[PDB]
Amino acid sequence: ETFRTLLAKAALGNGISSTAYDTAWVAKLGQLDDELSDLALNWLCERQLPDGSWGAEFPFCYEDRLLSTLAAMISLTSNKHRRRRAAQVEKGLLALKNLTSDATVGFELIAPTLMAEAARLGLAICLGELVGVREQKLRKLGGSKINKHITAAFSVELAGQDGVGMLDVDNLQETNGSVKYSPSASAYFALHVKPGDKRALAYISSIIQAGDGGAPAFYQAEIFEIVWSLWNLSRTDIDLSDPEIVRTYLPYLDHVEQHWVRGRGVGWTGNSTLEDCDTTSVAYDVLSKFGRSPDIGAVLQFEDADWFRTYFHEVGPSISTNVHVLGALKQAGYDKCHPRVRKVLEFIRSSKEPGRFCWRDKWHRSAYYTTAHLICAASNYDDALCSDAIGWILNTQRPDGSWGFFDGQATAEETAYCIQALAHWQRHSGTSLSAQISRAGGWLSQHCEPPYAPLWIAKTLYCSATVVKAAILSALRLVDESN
C-alpha cells in the first residue's frame, strides 16, 4: 500500500466500513425487498457482539451500543422470519435491558423513536426525558419541514413512524436517490415516507450489492477521503511544490477544486447539497500546500461571534472544526495576533479538558486526533500550548510505545496521530523526540493491519479505513525519517 494506491481508493469514497446501525436500518425493508433485507439481517447476525449488543466492539460507547442494539433488535423482531433468529433476539434482549437499566449525532432526537418502537414490539420498557427534549428541539423548525438543506435531514428518521407530516416528502432525496447519503436515512425514507421508493431502494441496493452485506455511515464520501488522505500525506517530508508530486496527485486536487463553490467550499461528496467548514478548512489547507490558490472566503463564511461554525445555519461549535480553521488560517498566512487567530485560540483554550492537556471534539472520539492536529495547527501561534500538549502525549505513551485513549487499549490510528504530532514538534522546536517516535513506529508496524477501531462519530461510531491507512502510512514514513 502506497499513497498513490490509497488516493486511488479515496476517489471511490467507499472507505467507510459498514455499521450495525445503518445495516440494521436496511434490514427493516424486508416487506419492500426480501433479498435486500435478508443480506442485511445476516450481516447483523454475523456482527452481534459477545455481550448481545450491536455496535463497535471497541471502544465502548453507550450511545453507539444503544442505537445499534435498538435498531438491530427492531429489524430482527419486525422481520417475518424472526423465529430463525430467536437466539440473537434473546441475547439482545439481555444486552438491551442492561443498557436501558448527546455524544453522537442525533442521539437525543433518534433514541426516543427507537425506544418507543422497541416498546411497541415488546422488546423494552418505556430518566426517559429525551421525549421532551426531542419535542423542544423539533419546535425550533418554526413550522418549516425537513429537507435536503437542513443538517437534520441526515437524521431524518428522528421523525419516526408518525412524524412524516413535518418532512418535505419531495425535497429529501438527492441525485443518487439517497437522503443525505445516509443508508439509514434512506432506508427510513423508503419505508415510512415514500414506501417502496425505487430510487431510495436502488441507492441502498447498490451499497449492499457492492459491499459485504452491510451499510456504512456515509456513501459516497470521496472529497472527505481524498482531502484527509492528502492531509496526512502532507505530514511527511515531501515537497508538494514539486511539479511531479503535483501531477501525481493532480486528479484528486482537481476533483476537490472542481466541486469547490467559491465563497462556500466543499462537502463530503461532489454532489453534496451542503458545504461544511470542517471539510472546507482542511481542503483549503491541503490545496494551498499543493501550490493551489484556493478561496479562503469559503472558510470565513462559517465565522461566528465566538467560534467557527461547522454548518452555515447551525450554531453549535466543534473543537477540531476550529482546529482545522486554525490550520487553514496559518496556511493562508494569518498573523498570530490576528483577531481570527486569537478568537479561535480563545475558543480552543476555554474548551480544553480540565487537568489534561487534551481536547475531545465529538466528531472524533479520540483526544489524540484533536490534540495531535492542534499541535500541528498552533505552531508559531501558541507554542506554549503545544509544549503542554506534547507533554501530555509523551506522558501517556504506553510501555510498548503505543497510544490509546479508551479502556486501556492501543490503536494504530491514535498512535499514528501521536507520531505525526511528535515529528511535527521535533521539526518545529528542535526537541529530540526520535526515541519516542522510534518506539511507536516499532509497535505501529506490527499492528497496522485492519480491521481498525471505529473512532469517528456519526449517528454511531464508524471507521474510514482509507483515512486511517493514510494516517498510518504518514506515521510510518515519519518514523523512517527519524531513523
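A residue's number is simply how far along the shown sequence it sits, counting from 1.
In the deposited entry, the stretch joining residue 126 to residue 127 is interrupted by 4 to 9 residues of the deposited sequence lacking coordinates. According to the record, the deposited sequence contains 10 or more residues between residue 101 and residue 102 that were left without coordinates. Mean CA B-factor, 150-158 versus 219-227: the higher value falls on 150-158. 427-435 and 445-453 differ in mean CA B-factor, and the higher of the two is recorded for 427-435. Taking the deposited Cα B-factors for 407, 239, 413, 212, the highest one is held by 239. Of all the options 402, 184, 273, 234, the entry's greatest CA B-factor is assigned to 273. Residue 334: CA B factor lies in the highest third for its chain, per the PDB record. The deposited CA B-factor of residue 345 belongs to the middle third of values across its chain. When the modelled residues of the chain are ordered by their C-alpha B factor, residue 421 lands in the middle third. Placement of the Cα temperature factor of residue 366 within the chain: lowest third of the modelled residues, per the deposited record. The deposited CA B-factor of residue 92 belongs to the lowest third of values across its chain.
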